[PDB]
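What follows is a set of notes on a single structure, which appears directly below.
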Amino acid sequence: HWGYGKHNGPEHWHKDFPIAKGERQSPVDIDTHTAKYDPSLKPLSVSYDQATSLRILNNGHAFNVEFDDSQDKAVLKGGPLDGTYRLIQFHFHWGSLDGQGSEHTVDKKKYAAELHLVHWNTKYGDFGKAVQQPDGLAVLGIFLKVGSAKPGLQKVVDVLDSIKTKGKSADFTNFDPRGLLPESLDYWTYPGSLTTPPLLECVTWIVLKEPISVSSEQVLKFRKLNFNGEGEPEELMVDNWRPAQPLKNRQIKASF
Ligand SMILES: NS(=O)(=O)c1cc([C@@]2(O)NC(=O)c3ccccc32)ccc1Cl
Ligand SMILES: [Hg+2]
Ligand SMILES: [Zn+2]
């Protein structure tokens, strides 16, 4: 099935998922000089105080930190969004080297990694129904650079040992996603898609301008994870990013 290797990677995906060459695919390059400040954007509201994490899962592509979404507890609203979007999970994309790893790029600059916090529109009852809608999802994207350690990431880093291979999960309750955010919520926004198959075009993207910094040894442990399942030959989980896709005269708006 789909992956990131030579034979199952990003430009193989279109065969099972034709929407890969669609009109609103993600990620994209953010050309800072082409992005326009948008006055009609309301303030962005990230409310993660009541967030209820449950478990961490190696799903063979990345690792997901999953949340209880059966009540309004961790919600994104405002900015380009209408209504309320509930946090369901977060995950990262990263590289084999510090000079690559992010999915979005800024004036063609690649960051060492990218975090995705995934939320679904409550008017649709659940995630499965929301991903059938043009405004079903909202993803908050955050860039990672190598420098100083990110304290609020270490609990994730420390548990990666327990989920080294595909299908492994561990209890991961009481994780606070607020410790992953940069200071500024200045962002770019554009309509787009999931960046993994089925690549559904249901996402309002909100990509923060300010990167978070993580330590060399934090990213190194991401790179010790496995794409393979237990008892299989070791395939290091690295370079699990899709490259930038055609903008196709969508407009990228700046909040700033
Ligand atoms: N990379 S991503 O943030 O666009 C994203 C990835 C996923 C996914 O790769 N992570 C999953 O666990 C999953 C399950 C079914 C389909 C797709 C996925 C889900 C939603 C989103 Cl918004
Ligand atoms: Hg959709
Ligand atoms: Zn993602």
Side-chain angles (χ1 to χ4, degrees), residues 1-4 8-10 13 16-20 22-28 53-69 74 76 80-83 85-95 100-105 110-121 123-144 156 163 166-170 172 177 180 187-208 212 222 225 227 237-245 250:
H1 227 286
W2 74 268
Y4 295 95
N8 62 0
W13 297 349
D16 276 339
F17 308 98
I19 204 163
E23 293 305 300
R24 64 175 275 194
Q25 288 291 292
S26 297
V28 303
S53 70
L54 299 175
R55 44 111 90 156
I56 188 166
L57 168 68
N58 179 339
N59 71 8
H61 311 285
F63 63 87
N64 284 178
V65 176
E66 309 155 354
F67 290 81
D68 180 346
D69 64 348
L76 233 204
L81 306 169
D82 288 287
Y85 286 73
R86 266 188 219 171
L87 179 62
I88 182 159
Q89 54 98 333
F90 76 78
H91 61 274
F92 302 82
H93 308 265
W94 62 93
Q100 65 193 37
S102 67
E103 293 206 309
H104 296 88
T105 56
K110 297 172 153 99
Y111 286 85
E114 189 169 329
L115 167 68
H116 292 160
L117 296 124
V118 183
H119 312 74
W120 59 271
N121 200 323
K123 73 158 104 172
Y124 305 122
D126 61 24
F127 180 83
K129 279 301 224 203
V131 297
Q132 288 171 255
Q133 321 294 155
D135 57 352
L137 300 192
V139 184
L140 223 210
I142 303 171
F143 296 116
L144 282 68
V156 174
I163 62 148
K166 189 185 188 80
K168 295 258 179 209
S169 69
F172 206 68
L180 299 172
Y187 67 83
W188 295 284
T189 185
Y190 76 97
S193 75
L194 314 182
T195 66
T196 55
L199 302 167
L200 305 172
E201 288 180 341
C202 53
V203 183
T204 301
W205 277 94
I206 300 160
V207 183
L208 299 189
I212 61 168
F222 274 36
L225 250 10
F227 280 134
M237 189 177 276
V238 297
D239 290 312
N240 56 357
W241 48 279
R242 187 191 194 191
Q245 304 300 303
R250 279 171 288 177

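Computed over heavy atoms, backbone and side chain alike; hydrogens, waters and symmetry mates excluded. First listed ligand is number 1; within each ligand, the first listed atom is number 1. Along the sequence shown, the residues carry numbers beginning at 1.
Using a 4.0 Å cutoff on heavy atoms, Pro197 counts as a contact of ligand 1. Note on ligand 1: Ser26 sits outside its first shell, no heavy atom being nearer than 4.0 Å.
The Zn ion (ligand 3) sits nearest to atom NE2 when only the N, O or S atoms of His93 are considered. The closest approach of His116 to the Zn ion (ligand 3), by N/O/S atoms, is made by ND1.
Nearest protein heavy-atom neighbour of atom 4 (O) of ligand 1: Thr195 N, 2.9 Å. With respect to atom 8 (C) of ligand 1, the closest heavy atom belonging to the protein is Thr196 OG1, 3.5 Å. Distance from atom 19 (C) of ligand 1 to its nearest protein heavy atom, with residue and atom name: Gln89 NE2, 3.8 Å.
Between the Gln245 side chain and the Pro243 main chain, a donor and an acceptor come within less than 3.5 Å of each other. Within the 3.5 Å criterion, the main-chain N or O of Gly136 finds no donor-acceptor partner in the side chain of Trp120. Judged by distance alone, with hydrogens and angles left aside, the side-chain atoms of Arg24 form a donor-acceptor pair with the main-chain N or O of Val203 at under 3.5 Å. No donor-acceptor pair closer than 3.5 Å links the side chain of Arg242 to the backbone N or O of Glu103. Without hydrogens or angle criteria, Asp69 side chain to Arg86 main chain gives no donor-acceptor distance under 3.5 Å. Proximity of a side-chain donor or acceptor of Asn240 to a complementary backbone N or O of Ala62 within less than 3.5 Å is not detected.
By the 3.5 Å distance cut-off applied to N or O atoms, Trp205 is not counted among the residues near ligand 1. Ligand 1 has a nitrogen or oxygen under 3.5 angstrom from a nitrogen or oxygen of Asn64.
Residue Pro198 approaches ligand 1 through these ligand atoms, each under 4.0 Å from one of its heavy atoms: 16 (C). Taking every non-hydrogen atom of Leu194 and a distance limit under 4.0 Å, the qualifying atoms of ligand 1 come out as 4 (O), 20 (C), 21 (C), 22 (Cl). The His93 neighbourhood of ligand 1 comprises atoms 1 (N), with distances under 4.0 Å to a heavy atom of that residue.
If you check each of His116, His91, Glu66 against atom 5 (C) of ligand 1, the one with the closest non-hydrogen atom is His91.
When heavy-atom distances to ligand 1 are checked against a 4.0 Å cut-off, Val139 comes that close only through its side chain, counted from C-beta outward. Proximity of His61 to ligand 1, defined as any heavy-atom pair under 4.0 Å, is not found for any part of the residue.
Under 3.0 Å from the Hg ion (ligand 2) lies an N/O/S atom of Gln133, whether from backbone or side chain.
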>> If you apply the rule ring pair (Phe, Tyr, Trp, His ring centres under 6.0 Å), what do you find for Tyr111 with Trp94, and how did you get there?
In response: CA-CA 9 Å; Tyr111 286 85; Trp94 62 93; over 10 Å; no
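Atom CG of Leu54 sits about 12.5 Å away from atom CG of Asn64, to the nearest 0.5 Å.
Distance check on atom 15 (C) of ligand 1: every protein heavy atom falls at or beyond the 4.0 Å cut-off.
Using a 30° and 60° split on the angle between ring planes, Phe63 and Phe92 fall in the tilted class, from 30° to 60°.
Under a 4.0 Å N-O distance rule, the pair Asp82/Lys123 does not qualify as a salt bridge.
Among the candidates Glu114, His61, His104, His116, the single residue satisfying the side chain to side chain donor-acceptor pair (under 3.5 Å) test with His93 is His116.
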